[PDB]
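Novice: Residue numbers (the working numbering), protein chains in the order written: chain A, 179 to 210; chain B, 19 to 342; chain C, 12 to 216. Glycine residues also receive a C-beta, built at the ideal position from the N, C-alpha and C atoms. Please find one structure pasted underneath; my questions will follow.
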Amino acid sequence: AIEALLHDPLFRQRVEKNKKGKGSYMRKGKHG
Amino acid sequence: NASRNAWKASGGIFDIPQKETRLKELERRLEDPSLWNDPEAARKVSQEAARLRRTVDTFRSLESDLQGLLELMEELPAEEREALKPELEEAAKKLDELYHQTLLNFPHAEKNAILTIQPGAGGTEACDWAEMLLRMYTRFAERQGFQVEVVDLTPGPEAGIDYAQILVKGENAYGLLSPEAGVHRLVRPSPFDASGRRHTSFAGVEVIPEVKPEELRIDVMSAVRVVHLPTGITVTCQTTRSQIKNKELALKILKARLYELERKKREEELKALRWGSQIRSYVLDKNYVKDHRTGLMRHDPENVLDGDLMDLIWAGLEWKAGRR
Amino acid sequence: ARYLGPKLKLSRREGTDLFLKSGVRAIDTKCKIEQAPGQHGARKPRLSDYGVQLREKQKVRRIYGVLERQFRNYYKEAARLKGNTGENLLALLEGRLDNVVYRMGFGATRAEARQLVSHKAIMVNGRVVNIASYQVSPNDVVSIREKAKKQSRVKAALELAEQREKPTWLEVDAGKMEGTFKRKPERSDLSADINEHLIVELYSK
RNA sequence: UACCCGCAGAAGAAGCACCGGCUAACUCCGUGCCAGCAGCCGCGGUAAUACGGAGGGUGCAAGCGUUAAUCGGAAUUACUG
Ligand SMILES: [Mg+2]
Ligand SMILES: [Mg+2]
Ligand SMILES: [Mg+2]
Ligand SMILES: [Mg+2]
Ligand SMILES: [Mg+2]
Ligand SMILES: [Mg+2]
Ligand SMILES: [Mg+2]
Ligand SMILES: [Mg+2]
Ligand SMILES: [Mg+2]
Ligand SMILES: [Mg+2]
Ligand SMILES: [Mg+2]
């Protein structure tokens, strides 16, 4: 059970978007 | 400190409504010879009596050292009452002993265990994470006067370790590591990604207690493995250089595994008839470590990792005990 | 079916004096009339096209003390009728019994007038009319009934009115406490600060 | 019975949705890509006006929201066009 659970998606690698980074450009801001 | 002590002592009081009523019930119906004629009943009473007995001896300290403290401890600690404040150190010790007792005593808890560490997704990063995890457990073992026997270790290609399976033996090993078992999450800016964006990798930790002639094959690769084919799980050893010893080691691990497969399945079946996420996380950016289960957070990750946090383990154990 | 809560708050929100309190004491003393109500009162966000119209609508509704469905109905009626629409709506609003009473001066406030109407004190052509929303027609005499003539509130209201500006489309007598609704009011005779066109636009939306 | 007349006493009688933009209405606390939200765009990875709680506000009101179902917007089957 341990092994397959690990394989399952909920435990996929997470990466975050950047605010001053390379892939930063926000077309519309969170707030107007 | 005093407050802490009080808090600790309150737990002990928590087992006063259990001990008295239970005791009364036992003497009223179980102690009787005409009840005794049935063995099962007798056994039950004995179990019940065991509960009582625990409460008797250890509560005295809680009560006796509490009530006698206040009169002499109040104003003076340094002069003349330097014994009298460290007289309550004894009480503290007793309390600890009680707490620890409560935590342990549960099935298979004394017999040593063999935790496998399994990595997660991320690939290269993940293997490093696994290695780190392994290191922490090793340090914990070192800390707690244990002896670790390194069975499986397997390097990952780009970096780190793919698979490991480490067996420690000594004084109530399994008990401590039995909670850990499950997913441990590494939330930190990868050293391998040039961007240095925060990542998340994982590690399974399988932790198991230690506990046919033609349906097993033993193959050499000086290395050794004991493949119990009917179930279908293999074990592979590489600890010692001598072959027979290695084989023996393999055998015990395999046996343990067999038992594990059995027991869990049985339990499931019974449940049928009648954690989701990561257990822990370690968030190095934030210098921050939430155990998601049991709601404790340690703010020095380094300390935890260098050598695994006994305190955290104790909390986890307590939770597990409660669930049981 | 009525607005029961704080009256001056509404006024503050609007930005004006809606005449929601008797007018003995000037509104600036009772509340911060300039500052809109709430924790974020001083802050003045720039209001959208939609918003302004809505605000205007609210103001009008507030003034006469009328809820949305009824207001909508009134608007519809106005639309149905001939000539100008906003003006028609205004006329309709005026025509209500409570409003008329207030104008006459038997109410200090419109709320008071409404209450009076409810509580069986107001006769319209010598027949007791109990409904606030009742339209008063041209040449309809409307009086305090003899039981309600003794009330000190009524005289106070009258006095207050006498200080206030008198409407041209009515004719009212203080001793007899009966007034005559002479003709439906012209737009010019009402206050210019209300913009009925906006309301019309809103309902079209 | 409708209707009228008398009696007492503020008495027996206010909720529901929403407040990132579209869309009227903003702040603090908790959480920390979780738990959750969500019509569309999209919020949440430890200062969230977008989650949950509060206070404040807005809109409807003896109702107020959600879903389903039609036309409208859709000049997006366009005869008008
Ligand atoms: Mg109604
Ligand atoms: Mg018209
Ligand atoms: Mg807005
Ligand atoms: Mg919502
Ligand atoms: Mg925080
Ligand atoms: Mg916050
Ligand atoms: Mg943020
Ligand atoms: Mg909210
Ligand atoms: Mg629908
Ligand atoms: Mg069409
Ligand atoms: Mg459609």
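Run through chain B and tell me which residues come within less than 7 Å of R190/A, C-beta to C-beta.
Specialist: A139, listed in chain order.
Novice: Are the CB atoms of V244/B and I271/B within a distance shorter than 9 Å?
Specialist: Yes. Within cutoff.
Novice: Report yes if the CB atom of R46/B is closer than 9 Å to the CB atom of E66/B, and no otherwise.
Specialist: No; because the gap between Cβ atoms is not below 9 Å, this pair is not in contact.
Novice: Please report how far the alpha carbon of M150/B lies from the alpha carbon of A127/B, in whole angstroms.
Specialist: So the two alpha carbons sit approximately 26 Å from each other.
Novice: Would you identify the three-state DSSP class for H202/B, choosing helix, strand or coil?
Specialist: Of the three classes helix, strand and coil, the one that applies to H202/B here is strand, per DSSP.
Novice: Please state if the CB of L194/B and the CB of residue 378/B are separated by a distance shorter than 9 Å.
Specialist: One cannot answer for residue 378/B here, as it falls past the ends of chain B, which runs 19 to 342.
Novice: Find out if the Cβ-Cβ distance for the pair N130/B, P227/B is shorter than 9 Å.
Specialist: Yes. Within cutoff.
Novice: If you run the structure through DSSP and keep just helix, strand and coil, what is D204/C?
Specialist: Correct three-state label for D204/C: coil.
Novice: Which residues of chain A have a Cβ atom closer than 9 Å to the Cβ of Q136/B, listed in chain order?
Specialist: The contacting residues are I180, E181 and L184.
Novice: Whole angstroms are fine: how far does the CA of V238/B sit from the CA of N264/B?
Specialist: Answer to the nearest angstrom: the Cα atoms are 11 Å apart.
Novice: If we count Cβ pairs, one from each stretch, closer than 8 Å, do we get three or more for the segment 91–100 of chain C versus the segment 197–216 of chain C?
Specialist: Touching, yes.
Novice: Kindly identify the DSSP beta-bridge partner or partners of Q146/C.
Specialist: Bridge partners of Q146/C: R107/C.
Novice: In chain A, what lies closer than 7 Å to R215/B by C-beta?
Specialist: Within chain A, the residues near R215/B are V193, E194 and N196.
Novice: If you drop the 5 nearest sequence neighbours on each side, which residues of the same chain put their C-beta closer than 8 Å to that of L171/C?
Specialist: Result list for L171/C: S33, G34, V35, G116 and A119, in chain order.
Novice: Going by beta carbon distance, what residues of the same chain come within less than 7 Å of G52/C, once the five residues before and after it are set aside?
Specialist: Within the same chain, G52/C has close Cβ partners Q46.
Novice: Interface residues of chain A around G334/B at Cβ under 8 Å?
Specialist: Ordered by position in chain A, no residue passes the 8 Å Cβ test against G334/B, which lies about 17 Å from the chain.
Novice: Give me, in chain order, the residues of the same chain whose beta-carbon lies closer than 7 Å to that of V168/B; leave out the 5 immediate sequence neighbours on both sides.
Specialist: Hits under 7 Å: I184 and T257.
Novice: Contact criterion: CB-CB distance below 9 Å. Does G250/B meet it with respect to chain A?
Specialist: No, its Cβ sits nowhere closer than 9 Å to a Cβ of chain A.
Novice: So, helix, strand or coil for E93/B, using DSSP?
Specialist: Looking at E93/B - three-state DSSP - the assignment turns out to be coil, as it is neither helix nor strand.
Novice: Examine the Cβ distances between the segment 193–209 of chain B and the segment 299–317 of chain B and report whether three or more of them are shorter than 8 Å.
Specialist: Yes: at least three Cβ pairs fall under 8 Å.
Novice: For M154/B, list the residues DSSP reports as bridge partners.
Specialist: According to DSSP, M154/B bridges with nothing at all.
Novice: For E160/B and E189/B, what's the separation of their Cα atoms in angstroms?
Specialist: Roughly 13 Å between the two C-alpha positions.
Novice: With C-beta atoms as the reference, is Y300/B less than 9 Å away from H202/B?
Specialist: Yes.
Novice: What in chain A is Cβ-close to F210/B, meaning under 8 Å?
Specialist: Those do not exist, as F210/B stays about 12 Å from chain A at its closest Cβ, beyond 8 Å.
Novice: What do you get for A144/B, buried or exposed, if any count of 16 or more other CB atoms within 10 angstroms of its CB means buried?
Specialist: Buried is the call here.
Novice: With 9 Å set as the bound, which would you pick, yes or no: does the beta-carbon of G207/A sit closer than that to a beta-carbon of chain B?
Specialist: Taking Cβ atoms only, chain B never reaches closer than 9 Å to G207/A, which makes this a no.
Novice: Could you spell out where the alpha helix (DSSP H) holding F32/B opens and where it closes?
Specialist: Note, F32/B: alpha helix (DSSP H), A20 to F32.
Novice: The beta strand (DSSP E) spanning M315/B covers which residue range?
Specialist: Looking at the DSSP string, the run of the beta strand (DSSP E) that includes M315/B is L314 to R316.
Novice: Measuring straight from C-alpha to C-alpha, what distance separates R71/B and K112/B?
Specialist: Cα to Cα, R71/B sits roughly 16 Å from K112/B.
Novice: With ligand 2 as the reference, list in chain order each residue whose Cβ lies under 6 Å from any of its heavy atoms.
Specialist: Cβ atoms closer than 6 Å to ligand 2 belong to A89/C, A90/C, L92/C, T96/C and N99/C.
Novice: Label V139/C either buried or exposed according to how many other C-beta atoms from any shown protein chain fall within 10 Å of its C-beta, with 16 as the threshold for buried.
Specialist: So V139/C counts as exposed.
Novice: Taking a contact to mean a Cβ-Cβ separation below 9 Å, would you say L103/C touches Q162/C in this structure?
Specialist: Cβ distance not < 9 Å, so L103/C and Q162/C don't count as in contact.
Novice: Among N19/B, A59/B, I236/B and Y192/B, which has the Cα closest to the Cα of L247/B?
Specialist: Minimum Cα distance to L247/B is reached at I236/B.
Novice: Which chain A residues are close to residue 14/B, counting only those with a beta carbon under 9 Å from its beta carbon?
Specialist: Nothing about residue 14/B can be reported from this structure: the residues present for chain B run from 19 to 342 only.
Novice: Is the CB of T254/B under 9 Å away from at least one CB in chain A?
Specialist: It does not: the Cβ of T254/B has no partner Cβ on chain A nearer than 9 Å.
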